[PDB]
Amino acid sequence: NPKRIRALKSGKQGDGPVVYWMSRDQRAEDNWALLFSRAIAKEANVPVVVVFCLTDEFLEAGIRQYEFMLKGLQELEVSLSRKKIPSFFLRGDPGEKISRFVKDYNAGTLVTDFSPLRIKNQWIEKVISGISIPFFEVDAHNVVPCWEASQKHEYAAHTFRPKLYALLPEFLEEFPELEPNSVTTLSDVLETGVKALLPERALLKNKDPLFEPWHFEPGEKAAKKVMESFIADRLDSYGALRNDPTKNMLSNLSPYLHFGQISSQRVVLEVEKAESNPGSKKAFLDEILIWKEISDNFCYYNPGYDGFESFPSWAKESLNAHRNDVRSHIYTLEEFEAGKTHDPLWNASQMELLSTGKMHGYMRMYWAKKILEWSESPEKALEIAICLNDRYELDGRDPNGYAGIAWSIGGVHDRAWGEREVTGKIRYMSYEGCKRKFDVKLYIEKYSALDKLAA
């Protein structure tokens, strides 16, 4: 389906390899990008090669994301050579490195997947300028190409959802089988990059790592076994138990989908054919279909996705009007980060975020709204809630991150509610509201250990 490609640059198709510049979608199956690279490599009797660019951004988050990512690449690499596609791994800025790699190996054609974040689009430009062969983009990450789904920033779910469903019958389709190439250190990069990151690993008073790395096992292989678990054990109770922090009825797929270790489209396919509770199947389909992809919609059509300016006008006008309110408490980053607020429900969730790297969905909503209530300005609430989300979430640094922080503190894709001190018309949430929805003390007590335990 040609609608999944955009022509970034046009030109002289080299007598050489087709180059997949892998970035978002780190999987070898279920990958429209690797499929397109392999299509036009067959139309030219050239091999297809894969190149990944490892960049200095790993220092801005934690060992947890980097071991999750790097382990997934060790397994993609052997999985990619079993079908005769060599994987190449460059360490440097994709501005210069991908550029050089193009000239150096005589690439016939270049291809990349699609991120809507600002920095991938800075790179793509530095790539287009220092390059002579054609340059192609494929949305391998959304069921419906970001730029076809809609042509504007979408105001709400219920306005984006019809456009999306109207296009679902044509892009919800099976994946062809990736045919292997006809014509014919990462251990070490994992070593250095953890050495450089070990001085900042989150520790306990007894020098122990806070992080528990057994809750999510990385890779394509482990990814698919988590979807199969979810469809067989959890999908049915999803409508009813998804909002109860005390049960793991979440799919648990976000760390894998973030790193593109599983296609969102293979999951939809496999939910769609499964015979579960309708309400479960609907609730679930609109998270992974609508909300995931309005988040790409958000970050694409809004360059300042991660700042106050991108809130809707009414919530900008609201929070401004309450900047001069006395705040009940005020915390610093350090105080939040170590869960030293006055709110054991708040502090429990921050403990869940540090030791697992995935905080319960429903709780992240409460977490983010309390940052706005108990910090000195909204801009500073944004800053903390981004800092902590990207530092400690396994699925962080993600359009779902930005659009969800935005949802919580700024009202993006939300509506106006009853006007309050500090938080204005932004949707309010309370401990007492939690108490009627789920057994807070069970939550709190699962994590009440790790408080005194941390320094």
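Numbers follow the displayed sequence, beginning with 1.
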Check: What number of residues from the deposited sequence go unmodelled in the gap from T184 to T185, classed as none, 1 to 3, 4 to 9, or 10 or more?
Finding: 10 or more
Check: Of the two stretches 96-104 and 375-383, which shows the higher Cα B-factor on average in the entry?
Finding: 96-104
Notebook entry, point to check: Mean C-alpha B factor from the entry: is it higher for 352-360 or for 316-324?
Noted result: 316-324
Note to self: Sorting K224, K340, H258, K120 by Cα temperature factor from the record, which one lands on top?
What the structure shows: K120
Checklist line | Highest recorded Cα temperature factor - choice among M249, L198, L73, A140 | finding: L198
Notebook entry, point to check: Can you tell me which third, lowest, middle or highest, the CA B-factor of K9 falls into for its chain?
Noted result: highest
Next item on the list: Would you check the entry's CA temperature factor for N277 and let me know if it's in the chain's lowest, middle or highest third?
Entry: middle
Margin query: Can you tell me whether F136 has a C-alpha B-factor in the lowest, middle or highest third compared with the other modelled residues of the same chain?
Written below: highest
Check: Where does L442 sit by CA temperature factor within its chain: lowest, middle or highest third?
Finding: middle
Notebook entry, point to check: Comparing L34 with the other modelled residues of its chain, is its CA B-factor in the lowest, middle or highest third?
Noted result: middle
